[PDB]
Every structure is written in C-alpha cells, then in structure tokens.
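> structure of the sequence below:
(2 chains, ligands or ions: 7)
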Amino acid sequence: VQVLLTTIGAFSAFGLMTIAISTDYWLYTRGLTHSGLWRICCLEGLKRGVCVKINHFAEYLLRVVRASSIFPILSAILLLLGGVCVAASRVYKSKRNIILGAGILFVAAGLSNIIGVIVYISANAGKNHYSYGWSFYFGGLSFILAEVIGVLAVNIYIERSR
Amino acid sequence: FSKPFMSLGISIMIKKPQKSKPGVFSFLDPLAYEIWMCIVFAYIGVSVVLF
Ligand SMILES: Oc1nc2ccc(-c3c(Cl)cccc3OC(F)(F)F)cc2[nH]1
Ligand SMILES: CCCCCCCCCCCC
Ligand SMILES: CCCCCCCCCCCC
Ligand SMILES: CCCCCCCCCC
Ligand SMILES: CCCCCCCCCC
Ligand SMILES: CCCCCCCC
Ligand SMILES: CCCCCCCC
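Residues are numbered from 1 along each chain as shown, chains lettered A, B, ... in the order given. Ligands and ions are numbered 1, 2, ... in the order given. Shown next is the structure:
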C-alpha cells in the first residue's frame, strides 16, 4: 500500500512544482499588474497587453538569488532525483538501502523550497495592497506533499529492516 | 448696538474619533501574516527532519 503511495506522490509533487514556477501568476499588485517569478506581465498599464522581463539591476548576494531562482528550482531537481530512487524498488530489488537515499532527497527539497520563498518575500518588499495569486499557493503544496512523501519513504525503510 | 446677549469665537471643528473597536485577531499584529505562516511551515519542516 505505502510502496505505491510514494511513486504517485513524486509525480504529483514534481509535476505540480514545475507548474508553480512556470506560470507567472504569483503576486497581484497595483494599474493591476499580476507578478511572477522571472518576469511580470503588466495589465492596465496604458497598454492592452504588455509583458516585459523584470530588471534586478554585501546585499548583492540576495539580488542574484532572486533573479536566478535556483532554490524554487533545486526543489524540483531533488523531487525527480528522489522520484527515480523509489522507482528502483522493482529493478535491482532486495537492496533494502536505496529507499533511504530517497527519504533524504524528499526532505532536502523541502528545505530548499521554504528557502525559495524567504528569498522571494524579503526581495518583494525590498498603502500598496498586494495579494498572493492561485499560482503561488501551488508552491505551498510542493512542500506539504514533500513532507508526507518524506515520512512515507523512510517508514518503509524501517519496516524493511525490521 | 445693545449689550452682547451671547459671546462666541472662532472655534475648531475636527472629525470625532470613533471607538475604533479592535479586530478579533488584533493580537496577531506585532508579527506579519508572512511571519506566522513561515513559522508554521518551519515548524512542520523541523519536525519531519527531527523524525
Ligand atoms: O514554492 C513555495 N513553497 C511554499 C511554501 C509555503 C507557501 C505559503 C502558503 Cl502555502 C500559504 C501562506 C503563505 C505561504 O508562504 C509564506 F512564506 F509562508 F508566506 C508558499 C510556497 N511557495
Ligand atoms: C510561460 C509559457 C508557457 C505557459 C503555460 C501556461 C499553462 C497554464 C496551465 C494552467 C493549469 C491550471
Ligand atoms: C530566462 C530563461 C528562463 C528559463 C526557465 C526554464 C525553467 C526550467 C525548469 C526545469 C525544471 C526541471
Ligand atoms: C512543463 C514540462 C517541462 C517543461 C520544461 C522541459 C525542459 C526544458 C529545459 C530548458
Ligand atoms: C494571520 C493569519 C494566520 C495566523 C497563524 C497563527 C499561527 C500561530 C502558531 C504558529
Ligand atoms: C505514517 C503517517 C505519517 C503522517 C505524517 C504527516 C506529517 C504532516
Ligand atoms: C490560515 C492559517 C490557518 C492555520 C490553522 C492552524 C495551523 C496550525
């Protein structure tokens, strides 16, 4: 039962996190122009449809991380590396040690996912009422499902050893 | 003219401040909404790592 709830969760967390970083509908500011991750597409900006890329230019280390969004992407890279580790349960089975290697990547992506928001909120503010769009809440599901998949992958490793 | 039957003067008129009833969650003011959510997500993150 739990052996199948992990492979379906890896493809439901990686395929869901790659969408949150793709569509640029994270933040809604004010004309009302919806924001994004790498570029914002303006609306009601003296033009019908305009979408231009943002220009970000020892505090310079935070600007490059916000521009080169590696933390919200590194979590997706670890989700696919852990998604193929649990896929190694059929081929080259009876190892009882490759499942533990997936429980580390499933939680290491959650640490790099919460960080990708701290560097995004601190750089956002750095009156004007701004809200979070539906595309920003998708990234939140990429962290909750990253912990349920991190508790279900290690629990199997404990049962296999016991 | 007769004796003044009423005294007056140039006065100031400002908007009366209302009671300003605080919200139900007024105790969550010293920390922003982003801080409270980040604490919860860090709370579950530390717990899973500790397990
Ligand atoms: O890639 C992403 N990982 C995420 C993890 C959490 C949230 C989030 C949610 Cl789900 C609700 C309310 C505030 C939130 O972010 C906060 F920083 F706490 F303000 C967004 C995320 N996006
Ligand atoms: C950035 C260029 C590709 C944009 C793709 C948008 C896909 C939206 C899917 C919405 C699903 C709810
Ligand atoms: C400015 C160029 C932006 C290109 C963004 C590519 C995102 C690829 C994500 C792959 C995740 C596995
Ligand atoms: C949404 C499906 C994945 C889109 C990206 C594919 C790889 C692009 C590398 C530049
Ligand atoms: C401001 C709306 C969210 C409040 C969350 C309070 C969490 C308290 C325990 C961390
Ligand atoms: C064996 C079930 C573990 C559930 C953990 C949930 C963490 C949010
Ligand atoms: C909108 C935030 C709800 C928080 C409920 C309590 C979480 C521990």
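> just give me the neighbour total for residue A:61.
Number of residues near residue A:61 (other C-beta atoms under 10 Å in any protein chain shown) recorded here: 8. From N, CA and C alone the C-beta is placed, and that goes for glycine too.
> what of residue A:18?
Residue A:18 has 16 nearby residues by other C-beta under 10 Å.
> look at residue B:17 and tell me its secondary structure.
coil (DSSP: H, G, I helix; E, B strand; the rest coil).
> in contact with residue A:147, which residues?
With contacts defined as C-beta atoms under 8 Å, 6 or more residues apart in numbering or on different chains, residue A:147 is in contact with A:107, A:110, B:44, B:45, B:48.
> let's see that with 10 Å instead.
Residue A:147 makes contact with A:106, A:107, A:110, B:41, B:44, B:45, B:47, B:48, B:49, B:51 under the criterion C-beta atoms under 10 Å, 6 or more residues apart in numbering or on different chains.
> and it, how far is that from ligand 3?
20 Å (C-beta to the nearest ligand atom, to the nearest Å).
> kindly indicate the member of the contacts of residue A:147 with the most neighbours.
residue A:106 (31 neighbours).
> what about stretch A:95-113 and chain B, touching?
Yes - using C-beta under 10 Å from any C-beta of the partner chain, stretch A:95-113 comes into contact with chain B via A:106, A:107, A:108, A:110, A:111, A:113.
> distance from the chain centre to that stretch, please.
On the basis of C-alpha atoms, centre = their mean, to the nearest Å, stretch A:95-113 sits 15 Å off its chain's mean C-alpha point.
> excluding its backbone neighbours, what's nearest the residue in chain A that ligand 3 sits nearest to?
Of all residues in chain A, the one sitting closest to ligand 3 is residue A:76 (4.7 Å; C-beta to the nearest ligand atom). Once flanking residues are discounted, residue A:76 sits nearest to residue A:17: 4.8 Å by C-beta to C-beta, 6 or more residues apart in numbering or on different chains.
> check contacts around that neighbour.
A:72-73, A:75-76, A:79-80, A:109, A:113, A:138-139, A:141-143, A:145-146.
> is it in a helix, a strand, or coil?
Classified using three-state DSSP, residue A:17 is helix.
> ok, the spatially closest residue to residue A:18 that is not a sequence neighbour - how many residues close by?
Closest residue to residue A:18 apart from its sequence neighbours, by C-beta to C-beta, 6+ apart: residue A:76 at 5.4 Å. Neighbours of residue A:76 under the rule other C-beta under 10 Å: 22.
> does residue A:49 count as helix, strand or coil?
Applying three-state DSSP: residue A:49 is coil.
> ok, now which ones touch it?
Contacts of residue A:49 by C-beta under 10 Å, 6+ apart are A:41, A:42, A:43.
> taking these, please make a ChimeraX selection of just the buried ones.
Filtering those down to the buried ones (16 or more other C-beta atoms under 10 Å in any protein chain shown) takes a single ChimeraX command:
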select /A:41,42
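> of the contacts of residue A:49, which belong to strands?
Judged by DSSP state E, strands contain none of the contacts of residue A:49.
> closest to ligand 1 out of the contacts of residue A:49?
residue A:41 (19.4 Å).
> show me what contacts the closest residue to that closest one other than its chain neighbours?
In space, and not counting its chain neighbours, residue A:41 is closest to residue A:51: 3.2 Å by C-beta to C-beta, 6+ apart. Residues near residue A:51 by C-beta under 10 Å, 6+ apart: A:24, A:33, A:34, A:36, A:39, A:40, A:41, A:42, A:43.
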